[PDB]
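Worksheet: one structure, shown below.
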Amino acid sequence: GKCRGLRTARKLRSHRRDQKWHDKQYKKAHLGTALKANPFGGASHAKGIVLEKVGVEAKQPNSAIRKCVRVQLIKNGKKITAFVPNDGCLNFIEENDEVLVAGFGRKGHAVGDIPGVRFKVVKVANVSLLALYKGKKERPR
Amino acid sequence: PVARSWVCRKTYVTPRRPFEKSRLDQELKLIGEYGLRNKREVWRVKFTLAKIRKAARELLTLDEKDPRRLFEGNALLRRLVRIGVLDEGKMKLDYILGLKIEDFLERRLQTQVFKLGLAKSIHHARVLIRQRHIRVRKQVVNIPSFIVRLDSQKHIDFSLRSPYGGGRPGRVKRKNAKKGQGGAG
Amino acid sequence: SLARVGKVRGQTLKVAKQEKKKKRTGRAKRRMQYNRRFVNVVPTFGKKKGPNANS
Amino acid sequence: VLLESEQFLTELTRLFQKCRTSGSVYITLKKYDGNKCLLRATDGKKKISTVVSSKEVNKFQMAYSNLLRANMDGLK
Amino acid sequence: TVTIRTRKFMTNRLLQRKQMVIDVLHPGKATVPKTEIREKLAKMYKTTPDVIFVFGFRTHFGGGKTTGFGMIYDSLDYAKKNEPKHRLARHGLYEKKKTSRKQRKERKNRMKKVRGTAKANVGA
RNA sequence: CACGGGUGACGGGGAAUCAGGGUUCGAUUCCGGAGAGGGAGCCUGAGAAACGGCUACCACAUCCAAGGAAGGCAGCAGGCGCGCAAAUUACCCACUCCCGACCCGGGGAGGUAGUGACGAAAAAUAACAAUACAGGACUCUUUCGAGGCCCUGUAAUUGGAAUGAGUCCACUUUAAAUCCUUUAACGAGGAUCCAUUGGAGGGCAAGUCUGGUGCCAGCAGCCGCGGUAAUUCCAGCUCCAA
Ligand SMILES: [Mg+2]
Ligand SMILES: [Mg+2]
Ligand SMILES: [Mg+2]
Ligand SMILES: [Mg+2]
Ligand SMILES: [Mg+2]
Ligand SMILES: [Mg+2]
Ligand SMILES: [Mg+2]
Ligand SMILES: [Mg+2]
Ligand SMILES: [Mg+2]
Ligand SMILES: [Mg+2]
Ligand SMILES: [Mg+2]
Ligand SMILES: [Mg+2]
Ligand SMILES: [Mg+2]
Ligand SMILES: [Mg+2]
Ligand SMILES: [Mg+2]
Ligand SMILES: [Mg+2]
Ligand SMILES: [Mg+2]
């Protein structure tokens, strides 16, 4: 506090109400532009249609070819370069399948070696990719 | 609009740091000393101790000769005396803050059976509690977390429906007796 | 290229899992943990070795 | 061919769409124990079959009723 | 070895009955039946067991105590005057009808449709 | 800070996180407001602009003989669609009360059951004894070794002793049932009646173990690991967190 009067409540409240909008988390949480730019639209999970599989080259020093899927959503129709998490699980995902798409834990931000990928795949055609990796369940054919 | 309670509360609160070595050391010593089942058994007694110490601090923040302070202090001292952790001569609201998790775990019915000595080990006493061989005031106690009152301390003994007491023998004894009589003729 | 998917997972040697006696669980597991931590060992000089320490 | 309850309805719709020109549609419903009912369909060439359990009759009968009302038309 | 004690004894002249909470001690056996409860209350209170109605047993843990409520009427006419028909049918002096509730609702909605004397002719 | 706009805003008692201060939520069982697809109007009636009341228009839709008639589940169940996202087309007015001409009838209000790992509370998956062993307070012995009044643990070594989970007659429960508790008879030595979920470079408890891969696969929330001796991948063993 800078103005320490006995009746400066409206001054302190208006100054703090003006200065809250300069915070990065407050402005992102309270403006609808980030919610419009978010493909999930304030959602934890999202189903979508596989259309192609893309080998994305990696960033600086770590150099590899990560595996991504061009997921077209149902609730919006937007396109997401979703990430196939585990080893050898690109072969389970075929063309024109419904996959469940979640975040990656940085709240809509690219993570590590992969440029321009925010989201990943959890389930594949109502069968979980974790169980497809472990070998418990089988893909329904 | 249905007729039910919807009233519940978590009896335990997890610590802020998950992998403190000294904290795991102290909790592991507590479990290995008093025969516990998990860390939740430590944490729920820690949270009841947190309740009692928070009530004690809320009383010490009050002024002396306040009627609410005197009534709540006398009631809390009566509760500590009847659970038998704090002594009947020691009872004052300033001595509540100097009380410990070990003295709270001493009043476990598992630990009290181990101290009276009718069971061999602490976990064997827990086996007896699970298998319903002991009773308290003509009432079978199946759960080892029974806080035994000081007035109800001396009534701990074996139950009536118990082969270790005055009752019918168990399934293994009946099966061995039947097998022996079948082998004899 | 996407032709090398599952390469190492395919070409590693499949080792079968060894059959093992079932572990005690719950209060008995924590009791056996307490017994292997405290009451067995003695205070020794130097740096104490870890539980999974091997040479 | 023993199928799922939804796959049975899709193949049953395909049976009528194939029999829009010529061919019979046979629907056999019977009790099944090994509460369940066996429902089978036959065009004369390709047979399909399903078993409807108690857990899905409310989901099944309404869409099956709309399927029959949309697919059967006789003389005025 | 079965022992029955009574607590909270009350005389309802406005209901023409006695009432008490029944405490049954039965070591070495299961919960004793209501017929044996009525017989032991009858030989206790020197009355006929036809008027004694006992219900609502709850067995405590351990297995040596139950708690149940029971009333002792003056006569069977007073029992049928103020006693519920379901607890009468527990023993068998009253028998309720077997007309199912959804079919009664369907019969009522069918009688609602037809106006006139034929409301009786709709049913069967 | 009027006016205007937005609200992914019904308001409150309250919920979570919490030192002291605050922040976020509140559709959600209680009180009040609004509504029955969108508005508008009205009869009856003390009380309605009522929609399980009508009267007209728009959107959606049923039968038809082509003149015509009839509809409103943001009620109980349940269905299509929408989805990351949500239960039985059950039984009963017996508990609670409500209404009627009323002690007697009705109540998808309500109660009880079916699904249910939203969540909260308690809490099985072993314990004891005997052998060998590995050790700690005593006595003895320069050490090595020895006696057990006191012990503690381990080893698919052996032994009986005790119980549920299940099975299931019988009460009890209840409107009739179900579950709990009680209770006979069965029911456990790999007590196979086998507890998993994540990790082992650091934050952060826990292998510089072994084999393969060789900046490829992949791991990694951050730093980083992998370019032919990987404490970081993939498998075995071991251990650690609950
Ligand atoms: Mg709005
Ligand atoms: Mg509200
Ligand atoms: Mg809304
Ligand atoms: Mg209204
Ligand atoms: Mg209206
Ligand atoms: Mg209404
Ligand atoms: Mg309606
Ligand atoms: Mg859900
Ligand atoms: Mg009623
Ligand atoms: Mg009535
Ligand atoms: Mg209701
Ligand atoms: Mg098990
Ligand atoms: Mg590893
Ligand atoms: Mg770490
Ligand atoms: Mg560490
Ligand atoms: Mg970097
Ligand atoms: Mg790591």
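Ligands are numbered from 1 in the order shown, chains are lettered A, B, ... in the order of the structure tokens, and residues start at 1 in each chain.
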request  = May I ask you to extract the residues of chain F within 8 Å of chain E, using only C-alpha atoms (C1' of nucleotides), and to give them as a PyMOL selection string?
outcome  = chain F and resi 94+171-173+175+181-183
Near-ligand residues for ligand 11, threshold 10 Å, only C-alpha atoms (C1' of nucleotides) and all ligand atoms, as a list in words = residues 1 and 2 of chain B; 75, 76, 108, 109, 110 and 111 of chain F
Restrict the selected residues to C-alpha atoms (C1' of nucleotides) and save them as a PDB file, in the first residue's frame.
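And here is the file that came out, part18.pdb:
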ATOM      1  CA  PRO B   1     -35.407 -33.518  -0.993  1.00  0.00           C
ATOM      2  CA  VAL B   2     -34.577 -36.874   0.618  1.00  0.00           C
TER       3      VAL B   2
ATOM      4  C1'   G F  75     -41.865 -34.920 -13.247  1.00  0.00           C
ATOM      5  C1'   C F  76     -40.882 -40.394 -12.153  1.00  0.00           C
ATOM      6  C1'   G F 108     -43.363 -41.761  -9.701  1.00  0.00           C
ATOM      7  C1'   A F 109     -44.091 -36.217  -3.156  1.00  0.00           C
ATOM      8  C1'   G F 110     -41.875 -39.754  -0.282  1.00  0.00           C
ATOM      9  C1'   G F 111     -39.921 -44.693   1.452  1.00  0.00           C
TER      10        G F 111
END
Contact table chain C vs chain A, cut-off 8 Å, shortest pair per residue, only C-alpha atoms, as CSV:
residue,atom,partner,partner_atom,distance
C:1,CA,A:55,CA,6.2
C:2,CA,A:55,CA,6.3
C:5,CA,A:88,CA,5.3
C:6,CA,A:88,CA,3.8
C:7,CA,A:88,CA,7.6
C:9,CA,A:88,CA,7.0
ask   = If we count only C-alpha atoms (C1' of nucleotides), what is near range 30-47 of chain B at a cut-off of 12 Å, once residues fewer than 6 positions away on the same chain are taken out, given as an NGL selection string?
value = (:B and (9-15 or 18 or 23-24 or 53-54 or 99-115 or 121-127 or 144-145 or 147)) or (:C and (25-39)) or (:F and (121-124 or 241-242))
Would you export the selected residues with C-alpha atoms (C1' of nucleotides) as a PDB file, in the first residue's frame, please?
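This went into part_11.pdb:
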ATOM      1  CA  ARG B   9     -15.334 -35.417   7.436  1.00  0.00           C
ATOM      2  CA  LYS B  10     -11.845 -36.637   6.625  1.00  0.00           C
ATOM      3  CA  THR B  11     -10.215 -37.853   9.835  1.00  0.00           C
ATOM      4  CA  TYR B  12      -6.693 -37.605   8.375  1.00  0.00           C
ATOM      5  CA  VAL B  13      -4.668 -34.936   6.584  1.00  0.00           C
ATOM      6  CA  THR B  14      -1.628 -35.872   4.478  1.00  0.00           C
ATOM      7  CA  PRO B  15       1.630 -33.981   5.127  1.00  0.00           C
ATOM      8  CA  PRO B  18       5.779 -36.575   0.630  1.00  0.00           C
ATOM      9  CA  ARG B  23       9.234 -38.034   8.953  1.00  0.00           C
ATOM     10  CA  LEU B  24       9.195 -41.521   7.416  1.00  0.00           C
ATOM     11  CA  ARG B  53      -3.996 -28.732  20.062  1.00  0.00           C
ATOM     12  CA  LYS B  54      -5.956 -26.245  17.929  1.00  0.00           C
ATOM     13  CA  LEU B  99       1.234 -34.142  24.755  1.00  0.00           C
ATOM     14  CA  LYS B 100       2.489 -36.667  22.223  1.00  0.00           C
ATOM     15  CA  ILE B 101       1.508 -39.155  19.533  1.00  0.00           C
ATOM     16  CA  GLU B 102       3.144 -41.982  21.497  1.00  0.00           C
ATOM     17  CA  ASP B 103       0.926 -41.281  24.507  1.00  0.00           C
ATOM     18  CA  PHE B 104      -2.072 -41.183  22.171  1.00  0.00           C
ATOM     19  CA  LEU B 105      -1.098 -44.566  20.655  1.00  0.00           C
ATOM     20  CA  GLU B 106      -0.596 -46.051  24.133  1.00  0.00           C
ATOM     21  CA  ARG B 107      -4.389 -46.084  24.650  1.00  0.00           C
ATOM     22  CA  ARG B 108      -5.043 -48.448  21.727  1.00  0.00           C
ATOM     23  CA  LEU B 109      -6.958 -51.612  22.659  1.00  0.00           C
ATOM     24  CA  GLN B 110      -4.305 -53.575  20.745  1.00  0.00           C
ATOM     25  CA  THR B 111      -1.598 -51.933  22.869  1.00  0.00           C
ATOM     26  CA  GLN B 112      -3.637 -52.354  26.064  1.00  0.00           C
ATOM     27  CA  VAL B 113      -4.120 -56.075  25.374  1.00  0.00           C
ATOM     28  CA  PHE B 114      -0.359 -56.292  24.797  1.00  0.00           C
ATOM     29  CA  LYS B 115       0.341 -54.495  28.086  1.00  0.00           C
ATOM     30  CA  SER B 121       2.601 -60.094  20.483  1.00  0.00           C
ATOM     31  CA  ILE B 122       1.033 -56.825  19.349  1.00  0.00           C
ATOM     32  CA  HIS B 123       0.095 -58.207  15.929  1.00  0.00           C
ATOM     33  CA  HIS B 124      -1.104 -61.422  17.592  1.00  0.00           C
ATOM     34  CA  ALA B 125      -3.336 -59.209  19.742  1.00  0.00           C
ATOM     35  CA  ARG B 126      -4.598 -57.644  16.502  1.00  0.00           C
ATOM     36  CA  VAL B 127      -5.266 -61.174  15.187  1.00  0.00           C
ATOM     37  CA  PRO B 144      -8.451 -52.627  17.191  1.00  0.00           C
ATOM     38  CA  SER B 145      -8.932 -48.830  17.108  1.00  0.00           C
ATOM     39  CA  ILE B 147     -10.084 -46.087  22.525  1.00  0.00           C
TER      40      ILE B 147
ATOM     41  CA  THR C  25       1.091 -57.595   2.397  1.00  0.00           C
ATOM     42  CA  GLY C  26      -0.262 -54.774   4.538  1.00  0.00           C
ATOM     43  CA  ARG C  27       0.536 -54.747   8.250  1.00  0.00           C
ATOM     44  CA  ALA C  28       2.761 -57.802   7.860  1.00  0.00           C
ATOM     45  CA  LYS C  29       4.660 -56.162   4.996  1.00  0.00           C
ATOM     46  CA  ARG C  30       5.159 -53.020   7.071  1.00  0.00           C
ATOM     47  CA  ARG C  31       6.234 -55.149  10.056  1.00  0.00           C
ATOM     48  CA  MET C  32       8.766 -57.014   7.903  1.00  0.00           C
ATOM     49  CA  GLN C  33       9.908 -53.626   6.586  1.00  0.00           C
ATOM     50  CA  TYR C  34      10.435 -52.427  10.185  1.00  0.00           C
ATOM     51  CA  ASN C  35      12.298 -55.646  11.005  1.00  0.00           C
ATOM     52  CA  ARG C  36      14.644 -55.333   8.031  1.00  0.00           C
ATOM     53  CA  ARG C  37      15.227 -51.619   8.706  1.00  0.00           C
ATOM     54  CA  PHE C  38      15.847 -51.309  12.433  1.00  0.00           C
ATOM     55  CA  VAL C  39      16.159 -54.392  14.597  1.00  0.00           C
TER      56      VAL C  39
ATOM     57  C1'   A F 121     -15.801 -43.785   7.944  1.00  0.00           C
ATOM     58  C1'   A F 122     -14.046 -48.638   9.675  1.00  0.00           C
ATOM     59  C1'   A F 123     -10.968 -52.196   7.529  1.00  0.00           C
ATOM     60  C1'   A F 124      -9.051 -59.106   5.629  1.00  0.00           C
ATOM     61  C1'   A F 241       6.283 -44.375  -2.178  1.00  0.00           C
ATOM     62  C1'   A F 242       0.849 -45.494  -0.916  1.00  0.00           C
TER      63        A F 242
END
request  = Do me a favour and pick out the residues of chain F within 10 Å of chain D, using only C-alpha atoms (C1' of nucleotides), as an NGL selection string.
outcome  = :F and (78-80 or 88-89)
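With only C-alpha atoms (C1' of nucleotides) and all ligand atoms as the atoms that count, the set of residues no farther than 9 Å from ligand 13 is residues 200, 232, 233, 234 and 235 of chain F.
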task = May I have all residues of range 40-74 of chain D that DSSP, computed from the backbone, assigns to strand (DSSP E), given as a PyMOL selection string?
result = chain D and resi 40-42+47-52
inquiry  = I need the residues in chain C that are alpha helix (DSSP H) according to DSSP; give them as a ChimeraX atom specification.
reply    = /C:7-11,27-34
Which residues form the shell of 9 Å around ligand 1 when you count only C-alpha atoms (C1' of nucleotides) and all ligand atoms, given as a PDB file with N, CA, C and O atoms (P, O5', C5', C4', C3', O3' and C1' of nucleotides), in the first residue's frame?
ATOM      1  P     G F   6     -24.580  -7.797 -24.283  1.00  0.00           P
ATOM      2  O5'   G F   6     -23.438  -8.680 -23.615  1.00  0.00           O
ATOM      3  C5'   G F   6     -22.251  -8.988 -24.329  1.00  0.00           C
ATOM      4  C4'   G F   6     -21.159  -9.453 -23.402  1.00  0.00           C
ATOM      5  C3'   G F   6     -21.531 -10.582 -22.457  1.00  0.00           C
ATOM      6  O3'   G F   6     -21.462 -11.852 -23.080  1.00  0.00           O
ATOM      7  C1'   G F   6     -20.359  -8.892 -21.274  1.00  0.00           C
ATOM      8  P     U F   7     -22.595 -12.956 -22.807  1.00  0.00           P
ATOM      9  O5'   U F   7     -22.212 -13.549 -21.380  1.00  0.00           O
ATOM     10  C5'   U F   7     -20.922 -14.087 -21.136  1.00  0.00           C
ATOM     11  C4'   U F   7     -20.641 -14.190 -19.659  1.00  0.00           C
ATOM     12  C3'   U F   7     -21.703 -14.896 -18.834  1.00  0.00           C
ATOM     13  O3'   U F   7     -21.583 -16.304 -18.895  1.00  0.00           O
ATOM     14  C1'   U F   7     -21.046 -12.893 -17.750  1.00  0.00           C
ATOM     15  P     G F   8     -22.702 -17.207 -19.611  1.00  0.00           P
ATOM     16  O5'   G F   8     -21.981 -18.617 -19.802  1.00  0.00           O
ATOM     17  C5'   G F   8     -22.050 -19.619 -18.790  1.00  0.00           C
ATOM     18  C4'   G F   8     -20.693 -19.965 -18.212  1.00  0.00           C
ATOM     19  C3'   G F   8     -19.862 -18.785 -17.712  1.00  0.00           C
ATOM     20  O3'   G F   8     -19.221 -19.118 -16.482  1.00  0.00           O
ATOM     21  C1'   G F   8     -18.634 -20.000 -19.348  1.00  0.00           C
ATOM     22  P     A F   9     -19.931 -18.747 -15.087  1.00  0.00           P
ATOM     23  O5'   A F   9     -20.762 -17.419 -15.397  1.00  0.00           O
ATOM     24  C5'   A F   9     -22.178 -17.388 -15.260  1.00  0.00           C
ATOM     25  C4'   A F   9     -22.607 -16.701 -13.989  1.00  0.00           C
ATOM     26  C3'   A F   9     -24.034 -16.973 -13.544  1.00  0.00           C
ATOM     27  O3'   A F   9     -24.190 -18.224 -12.901  1.00  0.00           O
ATOM     28  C1'   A F   9     -23.607 -14.661 -13.404  1.00  0.00           C
TER      29        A F   9
END
message = Using only C-alpha atoms (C1' of nucleotides) and all ligand atoms, can you tell me which of F:211, F:66, F:206, F:196 comes closest to ligand 12?
response = F:196
Show me which residues are within 8 Å of ligand 4 counting only C-alpha atoms (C1' of nucleotides) and all ligand atoms, and format the list as a PDB file with N, CA and C atoms (P, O5', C5', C4', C3', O3' and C1' of nucleotides), in the first residue's frame.
ATOM      1  P     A F  34     -41.879 -15.116  -9.300  1.00  0.00           P
ATOM      2  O5'   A F  34     -41.187 -15.616 -10.643  1.00  0.00           O
ATOM      3  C5'   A F  34     -40.534 -14.705 -11.514  1.00  0.00           C
ATOM      4  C4'   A F  34     -39.854 -15.438 -12.638  1.00  0.00           C
ATOM      5  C3'   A F  34     -40.652 -16.588 -13.228  1.00  0.00           C
ATOM      6  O3'   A F  34     -41.579 -16.151 -14.204  1.00  0.00           O
ATOM      7  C1'   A F  34     -38.447 -17.307 -12.766  1.00  0.00           C
ATOM      8  P     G F  35     -42.998 -16.885 -14.363  1.00  0.00           P
ATOM      9  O5'   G F  35     -42.662 -18.156 -15.257  1.00  0.00           O
ATOM     10  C5'   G F  35     -42.043 -18.006 -16.523  1.00  0.00           C
ATOM     11  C4'   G F  35     -41.548 -19.326 -17.051  1.00  0.00           C
ATOM     12  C3'   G F  35     -42.493 -20.502 -16.876  1.00  0.00           C
ATOM     13  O3'   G F  35     -43.679 -20.497 -17.685  1.00  0.00           O
ATOM     14  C1'   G F  35     -40.345 -21.150 -16.174  1.00  0.00           C
ATOM     15  P     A F  36     -43.734 -20.753 -19.278  1.00  0.00           P
ATOM     16  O5'   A F  36     -43.753 -22.339 -19.399  1.00  0.00           O
ATOM     17  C5'   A F  36     -43.461 -22.975 -20.636  1.00  0.00           C
ATOM     18  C4'   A F  36     -42.807 -24.319 -20.434  1.00  0.00           C
ATOM     19  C3'   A F  36     -43.716 -25.525 -20.655  1.00  0.00           C
ATOM     20  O3'   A F  36     -42.954 -26.586 -21.221  1.00  0.00           O
ATOM     21  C1'   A F  36     -42.873 -25.566 -18.447  1.00  0.00           C
ATOM     22  P     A F  48     -54.159 -15.266  -8.517  1.00  0.00           P
ATOM     23  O5'   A F  48     -53.643 -16.558  -9.288  1.00  0.00           O
ATOM     24  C5'   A F  48     -52.316 -17.035  -9.090  1.00  0.00           C
ATOM     25  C4'   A F  48     -51.720 -17.617 -10.350  1.00  0.00           C
ATOM     26  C3'   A F  48     -51.706 -16.696 -11.569  1.00  0.00           C
ATOM     27  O3'   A F  48     -50.502 -16.909 -12.302  1.00  0.00           O
ATOM     28  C1'   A F  48     -52.899 -18.681 -12.079  1.00  0.00           C
ATOM     29  P     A F  50     -49.118 -18.432 -17.367  1.00  0.00           P
ATOM     30  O5'   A F  50     -49.710 -19.541 -16.387  1.00  0.00           O
ATOM     31  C5'   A F  50     -49.390 -19.532 -14.999  1.00  0.00           C
ATOM     32  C4'   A F  50     -49.748 -20.832 -14.316  1.00  0.00           C
ATOM     33  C3'   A F  50     -49.540 -22.107 -15.140  1.00  0.00           C
ATOM     34  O3'   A F  50     -48.995 -23.138 -14.317  1.00  0.00           O
ATOM     35  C1'   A F  50     -51.783 -21.990 -14.387  1.00  0.00           C
TER      36        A F  50
END
request  = Return as a PyMOL selection string the residues of protein, DNA or RNA that approach ligand 12 to within 9 Å, with only C-alpha atoms (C1' of nucleotides) and all ligand atoms taken into account.
outcome  = chain F and resi 124-125+193-195
What are the closest atom pairs, with distances in Å to one decimal, for each residue of chain F lying within 7 Å of chain A, using only C-alpha atoms (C1' of nucleotides), rows by chain and rising residue number, as a Markdown table?
| residue | atom | partner | partner_atom | distance |
| --- | --- | --- | --- | --- |
| F:84 | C1' | A:45 | CA | 4.4 |
| F:215 | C1' | A:63 | CA | 5.8 |
| F:218 | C1' | A:87 | CA | 6.2 |
| F:221 | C1' | A:105 | CA | 6.0 |
request  = List the neighbours of residue 168 in chain B out to 12 Å using only C-alpha atoms (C1' of nucleotides); skip same-chain residues closer than 4 positions along the sequence, and give me the result as a PyMOL selection string.
outcome  = (chain B and resi 133+159-164+172-174) or (chain E and resi 28) or (chain F and resi 162)
I need the residues from that last selection saved to file as a PDB file, in the first residue's frame (with N, CA, C and O atoms (P, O5', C5', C4', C3', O3' and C1' of nucleotides)), if you can.
ATOM      1  N   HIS B 133     -12.044 -62.890  19.842  1.00  0.00           N
ATOM      2  CA  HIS B 133     -11.870 -63.739  21.013  1.00  0.00           C
ATOM      3  C   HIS B 133     -11.966 -62.975  22.323  1.00  0.00           C
ATOM      4  O   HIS B 133     -12.126 -63.601  23.377  1.00  0.00           O
ATOM      5  N   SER B 159     -13.604 -63.182  25.398  1.00  0.00           N
ATOM      6  CA  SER B 159     -15.046 -63.260  25.204  1.00  0.00           C
ATOM      7  C   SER B 159     -15.560 -64.649  25.565  1.00  0.00           C
ATOM      8  O   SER B 159     -14.791 -65.600  25.725  1.00  0.00           O
ATOM      9  N   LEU B 160     -16.884 -64.760  25.696  1.00  0.00           N
ATOM     10  CA  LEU B 160     -17.481 -66.039  26.070  1.00  0.00           C
ATOM     11  C   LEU B 160     -17.512 -66.998  24.888  1.00  0.00           C
ATOM     12  O   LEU B 160     -17.169 -68.178  25.026  1.00  0.00           O
ATOM     13  N   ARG B 161     -17.916 -66.514  23.714  1.00  0.00           N
ATOM     14  CA  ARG B 161     -17.837 -67.308  22.488  1.00  0.00           C
ATOM     15  C   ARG B 161     -16.400 -67.218  21.977  1.00  0.00           C
ATOM     16  O   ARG B 161     -16.055 -66.428  21.093  1.00  0.00           O
ATOM     17  N   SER B 162     -15.542 -68.037  22.573  1.00  0.00           N
ATOM     18  CA  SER B 162     -14.119 -68.050  22.265  1.00  0.00           C
ATOM     19  C   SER B 162     -13.541 -69.381  22.730  1.00  0.00           C
ATOM     20  O   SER B 162     -13.774 -69.793  23.871  1.00  0.00           O
ATOM     21  N   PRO B 163     -12.794 -70.067  21.862  1.00  0.00           N
ATOM     22  CA  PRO B 163     -12.116 -71.298  22.299  1.00  0.00           C
ATOM     23  C   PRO B 163     -10.968 -71.040  23.254  1.00  0.00           C
ATOM     24  O   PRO B 163     -10.625 -71.919  24.054  1.00  0.00           O
ATOM     25  N   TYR B 164     -10.351 -69.858  23.186  1.00  0.00           N
ATOM     26  CA  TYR B 164      -9.288 -69.525  24.128  1.00  0.00           C
ATOM     27  C   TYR B 164      -9.860 -69.225  25.507  1.00  0.00           C
ATOM     28  O   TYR B 164      -9.166 -69.370  26.520  1.00  0.00           O
ATOM     29  N   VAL B 172     -10.328 -75.945  13.278  1.00  0.00           N
ATOM     30  CA  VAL B 172      -9.171 -76.818  13.088  1.00  0.00           C
ATOM     31  C   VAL B 172      -9.134 -77.897  14.167  1.00  0.00           C
ATOM     32  O   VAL B 172      -8.834 -79.064  13.888  1.00  0.00           O
ATOM     33  N   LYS B 173      -9.495 -77.531  15.402  1.00  0.00           N
ATOM     34  CA  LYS B 173      -9.532 -78.509  16.487  1.00  0.00           C
ATOM     35  C   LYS B 173     -10.652 -79.524  16.287  1.00  0.00           C
ATOM     36  O   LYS B 173     -10.453 -80.725  16.514  1.00  0.00           O
ATOM     37  N   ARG B 174     -11.828 -79.066  15.835  1.00  0.00           N
ATOM     38  CA  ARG B 174     -12.927 -79.986  15.548  1.00  0.00           C
ATOM     39  C   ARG B 174     -12.591 -80.905  14.378  1.00  0.00           C
ATOM     40  O   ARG B 174     -12.920 -82.096  14.402  1.00  0.00           O
TER      41      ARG B 174
ATOM     42  N   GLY E  28     -25.688 -68.646  23.480  1.00  0.00           N
ATOM     43  CA  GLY E  28     -25.541 -69.991  22.963  1.00  0.00           C
ATOM     44  C   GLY E  28     -26.505 -70.384  21.869  1.00  0.00           C
ATOM     45  O   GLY E  28     -26.546 -71.561  21.496  1.00  0.00           O
TER      46      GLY E  28
ATOM     47  P     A F 162      -8.777 -74.176  17.789  1.00  0.00           P
ATOM     48  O5'   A F 162      -8.641 -72.698  17.207  1.00  0.00           O
ATOM     49  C5'   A F 162      -8.614 -71.570  18.068  1.00  0.00           C
ATOM     50  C4'   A F 162      -8.721 -70.280  17.295  1.00  0.00           C
ATOM     51  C3'   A F 162      -9.842 -70.209  16.273  1.00  0.00           C
ATOM     52  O3'   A F 162     -11.097 -69.900  16.854  1.00  0.00           O
ATOM     53  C1'   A F 162      -7.837 -69.390  15.318  1.00  0.00           C
TER      54        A F 162
END
inquiry  = So that I can see what lies close to residue 80 in chain B, please list as a ChimeraX atom specification the residues with an atom at most 9 Å from it, counting only C-alpha atoms (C1' of nucleotides) and leaving out residues fewer than 6 positions away in the same chain.
reply    = /B:86-88,91,96
ask   = Near residue 24 in chain D, counting only C-alpha atoms (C1' of nucleotides), which residues have an atom at most 12 Å away, once you skip same-chain residues fewer than 3 positions from it, shown as a list in words?
value = residues 15, 16, 17, 18, 19, 20, 21, 27, 41, 42, 43, 44, 45 and 46 of chain D
Would you write out, as CSV, a table of all residues in chain F that have an atom no more than 7 Å from an atom of chain B, listing for each the closest atom pair and the distance in Å to one decimal, considering only C-alpha atoms (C1' of nucleotides) and ordering rows by chain and rising residue number?
residue,atom,partner,partner_atom,distance
F:29,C1',B:1,CA,3.9
F:120,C1',B:8,CA,5.5
F:127,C1',B:124,CA,5.4
F:162,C1',B:170,CA,6.6
F:163,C1',B:131,CA,5.0
F:204,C1',B:19,CA,6.2
F:205,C1',B:19,CA,5.4
Can I get the selection written as a PDB file, in the first residue's frame, with C-alpha atoms (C1' of nucleotides)?
ATOM      1  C1'   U F  29     -31.968 -31.771  -1.275  1.00  0.00           C
ATOM      2  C1'   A F 120     -16.473 -40.077   3.360  1.00  0.00           C
ATOM      3  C1'   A F 127      -0.268 -65.208  13.762  1.00  0.00           C
ATOM      4  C1'   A F 162      -7.837 -69.390  15.318  1.00  0.00           C
ATOM      5  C1'   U F 163     -10.831 -67.030  12.055  1.00  0.00           C
ATOM      6  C1'   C F 204      12.320 -37.071  -4.368  1.00  0.00           C
ATOM      7  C1'   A F 205      12.316 -42.125  -0.785  1.00  0.00           C
TER       8        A F 205
END
